[PDB]
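Following: one structure in structure tokens, then a few remarks.
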């Protein structure tokens, strides 16, 4: 089997991407944030505290003939940005882009933090990291990908995120028309439950490539590119007037600037992030200070190849017995 679904930016900054997902019978379609940095599929629901729902589409398990309470199971998750959610669990039929999993754990939110309430465009998350990170207790549950894997033509999914445009998540096949050149594969460590890999270095603009190992995660659920302070300082030093602002919470730059590109290494291959991808616009409406898309990972504890980086590539998440990651230009 295979699946193919379009993923669409939630706003003009590509802050996140939503993908329609069919849950239950008859189908209830919710727009979920596919997150390769976590491993819970959770939704706004008829159980979510009413004051914490503001415009989201909810899953109502009582209206699904295939929903079953997973008795005694609860979940609770906290994300890197400080947001959180928690609740109980149903199993139900879940389909993405024509690919159907029966018996999928659908985590129903009883509580969500303010960041989720305030984002009316995201109806929940669909985790695509390794199932060892799943938060359901006392019986840990599998991700949609883990459940689908055995049925897939090939044990892979791909992320093809757009810059200010829709893109695609495919399951079970590699679309050889969706990228240019060849795909370069690189080793993955699953020790922390993430799609963790080591970049071979970087360049700023037209500068020389610096060969250096940068361990980090491929995380579709993180907006920006978070790298070591040394790397980030070298990038912003090439932008006149750029500075790190503790009051704003990172590097800012004059909105009048033209940003240089940023290149990262994948083995001997190179992925180029155009300068425009690194512009996240005014810090507040009407400001001439703009927020940078490359930020320091210092104090996160991990480097994160978020959407800024991933959208510059066609990315293969290979979930074979020995997992790997592939990157191609596009």
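Following Swiss-Prot, chain A shows residues 90-419, kept in their order.
Method on record in the header is X-ray crystallography, 1.3 Å.
In case you wondered, yes, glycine gets a Cβ from its N, Cα and C as well.
Here's what Swiss-Prot has on this protein:
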- 106-417: domain 'Peptidase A1' (DOMAIN)
- 124: active site (ACT_SITE)
- 288: active site (ACT_SITE)
- 344-379: disulfide bond (DISULFID)
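This view paints the features noted in Swiss-Prot onto the structure.
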| residue | record | Cβ within 10 Å |
| --- | --- | --- |
| 124 | active site | 21 |
| 288 | active site | 22 |
| 344 | disulfide bond | 15 |
| 379 | disulfide bond | 22 |
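Among the recorded positions 124, 344, 379, the residue whose Cα lies closest in space to that of residue 288 (active site) is 124. A separation of roughly 26 Å, to the nearest angstrom, links the Cα atoms of residue 379 (disulfide bond) and residue 124 (active site). A gap of 30 Å separates the Cα atoms of residue 344 (disulfide bond) and residue 124 (active site). A strand conformation is recorded for residue 379 (disulfide bond) in the three-state DSSP classification.
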